[PDB]
Every structure is written in structure tokens, then in C-alpha cells.
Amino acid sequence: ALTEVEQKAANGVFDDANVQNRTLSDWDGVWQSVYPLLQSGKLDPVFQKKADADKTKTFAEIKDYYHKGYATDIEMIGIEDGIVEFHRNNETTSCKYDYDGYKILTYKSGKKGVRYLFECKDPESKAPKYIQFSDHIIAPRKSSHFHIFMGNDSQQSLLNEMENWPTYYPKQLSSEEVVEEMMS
């Protein structure tokens, strides 16, 4: 359902003038971490497809890359009415996040991506002070899945993080629906 501008942008190619602000509501819903899907072998067909289409890396090497990438103990994330809550160890934290703009990044490959920045200003909240969404979308559209970076140092410290990117899909998807979306 993507305009070809959207299409190329999801592949990391776009001009800075086409990036646009996004509200937190683009991420409304209940989301499952995909790390447990990795840890149970259910994402293995993704890693094997990528391994078979690339001469430089083996299945195990791709699997280890995404094991590092997806690792997190935030199992679920719920987003609604301006509030993000993070599920961890049978407890949640939550905050009403304020939008703080976006940041356009150029990866070492030459591909580009956009991070959408939010900040918690609730002295009562125990949620992360800074979060960043990144989901291969650069202008308003309901997200299909997202990477999130979370931290309590600064937004810049998050901008530096390129190895760990907890990734989330809608709760209702089965592991096979997740695998199918990932192979596209």
C-alpha cells in the first residue's frame, strides 16, 4: 500500500526534505518483542533465507547478529492516548511522552534512517527518560512494527546505539505472520 517514495524510503534512500513529523499515535497498539521468537527458533527461516542469499555470512552469523540486535527484557509495549507502558518481569512502567522531533541518520552503508524522539518529563514515572522509534517510515503512517531505543542518559547516547534495537510486532500476529512480514 506504499507510494514508491515510501518504498524507497523504507530501503534507506530519501531526501531530507521529504521527512515529516509523526505523532506518537502512529505507534498505538499492543506490541510483542520478537526476541522470544528468536530464542525458540521460530525466526530461523528468516536467518536462513538471508544466509542463503549472502555469500559472506553463515546462518549462525546472521542469527548471532539478530540475537544481539533483538535482545531485551521488555516483553510487551502498549501505546495509547499518549502513554507508552513497558512490560518487564510481570510489572509495567509508563509515561506520557513529549515529542522532541526527529533525527536523520546516515548509516555506514550509505543507507539512511529517521529516528523519532520522545522524552518523559514525569518526575513520578519510572519509565525510560528517552525513547526513539525507528520503523523504516519517514512521514505519517500507522506503523507495522518498530525498533525502539530506550535510555536514561541522553538522546545523543541513544543516537550512538547501533547494535541493540529491540523490535516489536502487533501482539495479535502469530509467529508465522511475523516471519512472513520479515521476509519482505
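Residue positions are given as counts along the sequence shown, with the first one as 1.
Higher average CA B factor: 106 to 114, of the stretches 71 to 79 and 106 to 114. In this entry, 55 to 63 shows the higher mean Cα temperature factor of the pair 35 to 43 and 55 to 63.
Of the candidates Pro140, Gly151, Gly29, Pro123, the one whose C-alpha carries the top B factor in the deposited record is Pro123. Split the chain's modelled residues into thirds by C-alpha temperature factor. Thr167 is in the lowest one. When the modelled residues of the chain are ordered by C-alpha B-factor, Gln132 sits in the lowest third. Sort the chain's modelled residues by C-alpha temperature factor and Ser94 lands in the lowest third, per the entry.
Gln20: CA B factor in the middle third of modelled residues in this chain (values from the PDB entry).
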